[PDB]
Amino acid sequence: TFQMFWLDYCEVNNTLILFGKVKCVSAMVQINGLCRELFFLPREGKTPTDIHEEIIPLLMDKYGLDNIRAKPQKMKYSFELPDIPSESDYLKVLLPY
């Protein structure tokens, strides 16, 4: 396995790059395939499957992606936004960068 000591980073063409030292000489690690984690909060009485039915195809059309990973998941929330309950099932959707 390739071992590096990352200190700093950069962003270009929507990708993340790690700079660091390799046993010691500097190096670069261009990282691809990273994904945004998206959490959809279902409406009262709806299910994460409903969101999967509705917006996953639409995300395929707008982003031109063949398949989008998304799954139901229970996630907690206790922040300043009042309209989101404390504990709910979210549809964690990974939208790749």
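Read-outs throughout are calculated quantities, based only on the coordinates presented, and are distinct from any laboratory measurement. Note: ideal-geometry Cβ built from the backbone for every residue, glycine included; neighbour counts use all protein chains shown.
Of the residues making up the range 62-97, just one is β-branched (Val, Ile, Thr) and part of a strand (DSSP E or B), namely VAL93. Can you tell me which residue in the range 62-97 is surrounded by the most Cβ atoms within 10 Å (Cβ to Cβ), limited to those that are aromatic (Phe, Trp, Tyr) and farther than 25 Å from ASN13 by Cβ? If we take residues in the range 62-97 being aromatic (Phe, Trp, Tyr) and farther than 25 Å from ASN13 by Cβ, then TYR90 is surrounded by the most Cβ atoms within 10 Å (Cβ to Cβ). Scanning the range 10-61 for residues that are surrounded by 10 or more Cβ atoms within 10 Å (Cβ to Cβ), of a type in the set (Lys, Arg) and either on the phi > 0 side of the Ramachandran plot or in a loop (DSSP other than H, G, I, E, B) (or both) yields a total of 1.
Residue pairs whose Cβ atoms lie under 6 Å apart, separated by 6 or more positions or on different chains, with the first residue in the range 68-97 and of a type in the set (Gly, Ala, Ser) and the second assigned to a strand (DSSP E or B), are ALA70/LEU91; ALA70/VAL93.
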